[PDB]
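Visitor: Submitted below is the structure of interest, expressed as structure tokens.
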Amino acid sequence: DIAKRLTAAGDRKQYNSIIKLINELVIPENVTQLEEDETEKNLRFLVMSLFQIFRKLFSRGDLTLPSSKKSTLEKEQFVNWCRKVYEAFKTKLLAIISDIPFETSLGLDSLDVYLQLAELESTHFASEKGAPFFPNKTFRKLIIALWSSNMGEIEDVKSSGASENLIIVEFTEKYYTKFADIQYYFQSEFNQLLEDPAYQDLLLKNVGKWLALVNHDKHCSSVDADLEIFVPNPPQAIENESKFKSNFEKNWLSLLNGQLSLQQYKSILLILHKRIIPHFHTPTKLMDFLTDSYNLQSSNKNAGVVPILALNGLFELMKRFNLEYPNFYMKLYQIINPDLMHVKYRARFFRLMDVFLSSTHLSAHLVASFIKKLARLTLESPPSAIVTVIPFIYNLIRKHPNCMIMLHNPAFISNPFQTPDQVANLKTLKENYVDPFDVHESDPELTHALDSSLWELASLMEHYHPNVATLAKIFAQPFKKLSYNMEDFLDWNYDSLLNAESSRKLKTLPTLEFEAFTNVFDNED
Amino acid sequence: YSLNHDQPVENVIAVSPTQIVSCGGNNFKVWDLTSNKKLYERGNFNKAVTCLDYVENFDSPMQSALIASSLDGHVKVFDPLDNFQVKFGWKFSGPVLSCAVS
Amino acid sequence: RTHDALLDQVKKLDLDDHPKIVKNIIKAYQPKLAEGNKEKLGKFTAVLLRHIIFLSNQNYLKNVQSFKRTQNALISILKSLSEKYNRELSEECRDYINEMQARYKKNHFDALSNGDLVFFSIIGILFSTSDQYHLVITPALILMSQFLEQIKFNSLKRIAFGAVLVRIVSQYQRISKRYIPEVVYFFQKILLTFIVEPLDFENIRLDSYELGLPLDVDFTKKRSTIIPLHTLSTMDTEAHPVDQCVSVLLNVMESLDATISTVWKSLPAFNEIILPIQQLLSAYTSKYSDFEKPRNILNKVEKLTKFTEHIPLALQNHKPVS
Amino acid sequence: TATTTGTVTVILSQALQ
Amino acid sequence: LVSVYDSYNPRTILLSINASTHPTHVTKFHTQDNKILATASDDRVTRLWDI
């Protein structure tokens with residue numbers, strides 16, 4: 001146990017050993033077997049972690065002095081025995097990373113650091129009389145263990161996110177991000193690993209580990225904040241920026257081929273434009289993917305949020321290369337629906353419809369349809385959507401002033417200087433008035449929303465929230481304001497709403513009721 | 001009278017004393033004006049045709065030329081004598097909003 | 001006297017009748033000899049509020065009528081003492097809002113203990129929310145709206161919780177008559193939840209679109225009501241027949257009728273609020289031909305839409321500046 | 001859902017239109 | 001505001017027709033006649049002006 005471990009450690013680091021070296025080297029197989037037997041059988045020993053750390057230090061000293069560097073004459077068993085013990089320690093570390101029932105925090109979370117420090121020191125300590133950093137075999141074995149290491153259900157976290165494997169999360173914390181070369185060599189070994197058939201039939205499966213590996217805005221190809229190096233001599237790894245981007249492109253598309261689940265579908269759609277689309281040589285390859293995500297018409301009831309998420313990447317792709325989605329404003333008119341105000345992603349869509357409806361080549365009937373439908377949607381809505389709908393209607397009416405007949409029709413005004421025949425005609429036409437707005441029309445220009453009027457905002461002027469009602473008072477106020485800073489009005493939530501309500505500007509004193517609800521308190525007492 | 005180009009028109013020019021060409025949407029249509037009636041329509045673009053103009057009698061193999069500019073980068077030249085067939089085009093570095101010739 | 005557990009340690013002896021007497025004894029101890037009694041005063045006001053909060057939903061299948069009389073007497077003595085003291089109680093109500101929001105922040109629905117219903121009810125007792133802004137009843141109103149359309153209505157426990165939340169919000173707007181847009185969506189949700197069993201009206205996206213009440217309703221006229229017995233509803237919505245479902249349905253249909261007659265007549269888009277509710281109530285009356293209340297509601301909203309005017313707007317007619 | 005590849009056929013189609 | 005200058009002299013604004021309060025989006029003279037100018041605007045009405 002700990003006694004034999006510390007004695008064998010002192011013997012291995014003492015001066016030299018041959019038979020005791022053989023015993024303390026074959027003892028690591030026994031330590032691996034004991035940990036593999038106690039896996040989900042003891043789960044609290046820490047002698048296993050001490051044995052891994054001690055065998056790491058012993059093999060580190062053995063790779064310092066007696067490594068399998070080269071040979072001159074008749075040392076044809078010492079190098080084979082030392083490399084055999086080092087390869088068995090590495091294979092035990094890879095089995096230790098692959099075989100773990102759950103987040104046991106020792107057998108994988110220390111074997112990862114063991115294989116990482118082993119390859120980090122084994123950059124040198126070979127025949128390489130140059131500037132190599134060749135871990136490639138050990139690294140390919142590391143990542144195939146890291147993707148075979150399936151835990152219980154923390155992969156594909158069915159609420160949101162990517163994967164909650166503890167050692168993979170620690171890897172993307174401090175063993176993937178903080179440098180340049182090991183992520184590049186990871187992408188290269190990944191895009192060699194996805195080409196032999198058995199490994200690719202296993203590697204298109206657990207994609208969530210890779211989503212957790214990538215969605216972090218801290219890549220070596222991303223020029224926002226760049227890194228340093230820990231490896232002694234990096235072998236033209238940072239040079240081929242084309243090779244990193246091309247590898248990133250092809251493994252992205254090749255594992256986007258495989259077993260799309262809806263949660264990680266929405267995850268890659270949300271990160272599609274701000275995270276990965278600059279790291280593509282040709283981003284037109286994703287155009288088919290997000291155009292079918294945009295016109296996704298599925299029977300699944302939560303498959304109505306994915307057009308709203310495909311819009312950002314698809315519009316950035318159109319803008320960078322002017323490709324066309326036909327019937328664009330018809331599809332954008334049918335995308336607004338009562339789901340879109342109750343959805344989680346409102347500000348992400350409305351800060352894009354800011355750009356879509358500011359176009360100088362569209363019609364007053366089109367903007368009329370887009371605000372009359374939005375008002376009939378906003379009459380049954382949270383204030384989170386009220387306070388982003390009504391300044392949007394303000395800015396659209398301010399940019400298309402012909403749409404102020406929906407707020408103010410001058411044919412329905414009774415001034416005191418009128419003919420009796422005029423007030424007669426006024427009474428007959430306001431009795432023979434019916435509004436022509438039809439919600440089931442698919443065409444914005446063919447919707448009669450200019451010929452209709454806009455009652456929903458006037459009804460909205462009496463709202464339970466004072467800030468919301470005083471914001472809706474501006475449609476009876478004049479229009480001296482030019483615009484409203486929609487990105488300042490956008491993401492007001494229930495939580496931040498009552499946060500600012502508890503942390504408001506002044507503080508009046510509360511009052512009491514003189515109503516005396518003595519017996520009947522509600523109508524329910 | 002009224003000529004029902006179905007898309008919202010962006011430009012209307014007059015070629016003959018009789019026929020006029022309206023662009024709007026992905027196509028352009030030509031209309032005989034003595035008979036109130038459409039007779040050609042070319043929809044050879046991806047996005048909306050923003051503008052048109054027309055040339056006559058200039059030193060050219062083409063005796064007449066209608067060129068059309070279309071919000072996707074393209075400006076194309078159509079020959080009114082063989083049924084408004086496209087003969088040449090230029091691609092530009094962004095959406096082309098207006099065009100003209102000498 | 002009491003510091004949110006000292007009243008528990010003191011009067012945790014008897015069952016129900018002595019509790020009000022011990023509260024009145026502490027009130028007689030403080031305010032009679034009150035030569036410096038303000039902090040103990042406002043403290044035991046806060047302790048009485050928190051005390052009915054941790055009393056209102058513990059175990060109500062012991063003496064129900066003794067509970068009812070002691071909580072009614074407790075609310076009477078609370079309001080009658082706190083008429084003179086608003087400025088110490090309202091801080092504690094504000095902190096209770098701020099802490100039940102953090103309860104809802106973690107737990108999806110099941111941190112909403114059923115004393116929050118009577119919490120909303122008693123602050124609706126000790127203040128009339130006629131006014132536009134108020135320090136404690138507007139955070140209650142955005143909380144009640146947040147629970148009307150931020151929790152997922154698939155359990156009839158949640159549906160009854162929402163029914164009494166609409167009860168509280170209609171008793172809020174009985175005098176102020178404002179337009180809560182979220183109770184429209186709550187009515188839209190649950191009134192089609194009870195007949196979805198989906199191929200007729202598309203976009204409500206219900207949470208429990210398989211439940212609902214069948215085509216063999218008994219047509220009994222002595223069916224029940226609100227049932228201010230949330231402790232009993234928690235058992236009922238697990239050992240539930242269709243009978244509590246039809247009781248909750250008639251409760252929400254009568255509160256719908258009440259809110260139509262009281263609030264939505266005074267809104268210019270009334271003819272735009274009562275197209276889809278009219279659609280699903282027409283679906284009721286041509287699915288069953290049994291409940292006369294859908295035909296009653298159809299007839300009265302048809303009379304309201306036919307005999308209002310509903311002309312366009314003239315909001316921007318401004319008087320000329322000189 | 002998709003299960004075929006990420007192709008380039010919208011690009012090709014509005015190249016040939 | 002339709003403003004007509006003379007060409008090759010930007011300093012002499014010849015006349016400023018005050019058309020509709022809406023933006024005026026197309027202004028062109030007659031191609032046969034010389035002294036009439038057609039201006040359409042975002043007022044859904046074009047106007048022929050004698051200059």
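Identifiers for the structure tokens are assigned positionally: chains receive A, B, ... in sequence, residues are indexed from 1 per chain, and ligands are indexed from 1 in the order shown.
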If we count only C-alpha atoms, what is near stretch 4-12 of chain A at a cut-off of 7 Å, once residues fewer than 3 positions away on the same chain are taken out, given as a ChimeraX atom specification?
Guide: /A:1,16-17,21,24,51,54,58
Visitor: Store the residues picked out above in a file with N, CA and C atoms, as a compact mmCIF listing (two decimals), in the first residue's frame.
Guide:
```txt
# COMPACT_ATOMS: atom_id res chain seq x y z
N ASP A 1 0.83 -1.20 0.00
CA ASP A 1 0.00 0.00 0.00
C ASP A 1 0.87 1.26 0.00
N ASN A 16 19.96 3.85 -8.47
CA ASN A 16 19.84 2.93 -9.60
C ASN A 16 19.20 1.65 -9.07
N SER A 17 18.59 0.91 -9.98
CA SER A 17 17.96 -0.36 -9.65
C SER A 17 17.82 -1.17 -10.93
N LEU A 21 14.01 -2.22 -9.86
CA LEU A 21 13.34 -1.46 -10.91
C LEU A 21 12.31 -2.31 -11.62
N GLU A 24 9.32 -2.60 -9.07
CA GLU A 24 8.56 -1.36 -8.97
C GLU A 24 7.98 -0.92 -10.30
N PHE A 51 -0.35 6.33 -6.03
CA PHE A 51 0.39 5.39 -6.87
C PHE A 51 0.57 5.94 -8.28
N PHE A 54 3.23 8.67 -7.92
CA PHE A 54 4.55 8.11 -7.66
C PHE A 54 5.11 7.41 -8.89
N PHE A 58 8.45 8.40 -10.91
CA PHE A 58 9.45 7.37 -11.18
C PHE A 58 9.74 7.25 -12.67
```
Visitor: Which neighbours of residue D:12 fall inside 12 Å, counting only C-alpha atoms, when residues of the same chain fewer than 3 positions from it are skipped, and could you give them as a list in words?
Guide: residues 284, 285, 287, 288, 323 and 324 of chain A; 7, 8, 9, 15, 16 and 17 of chain D
Visitor: Please return as a PyMOL selection string: the residues of stretch 113-330 of chain A that backbone DSSP assigns to helix (DSSP H, G or I).
Guide: chain A and resi 113-121+136-148+166-174+181-193+197-203+208-214+241-256+262-270+272-276+283-294+306-320+328-330
Visitor: Within 6 Å of stretch 37-48 of chain B, counting only C-alpha atoms, which residues show up once you throw out same-chain ones fewer than 2 positions away? Write them as a list in words, please.
Guide: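 Counting only C-alpha atoms, the residues come to residues 25, 26, 27, 28, 29, 30, 31, 32, 35, 50, 70, 71 and 72 of chain B.
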Visitor: Could you list, as a ChimeraX atom specification, every residue of chain C that has an atom within 7 Å of an atom of chain A, counting only C-alpha atoms?
Guide: /C:76,83,86-87,121,125-128,132-135,139,146,171,178-182,184-185,203,226,228,267-269,311-316
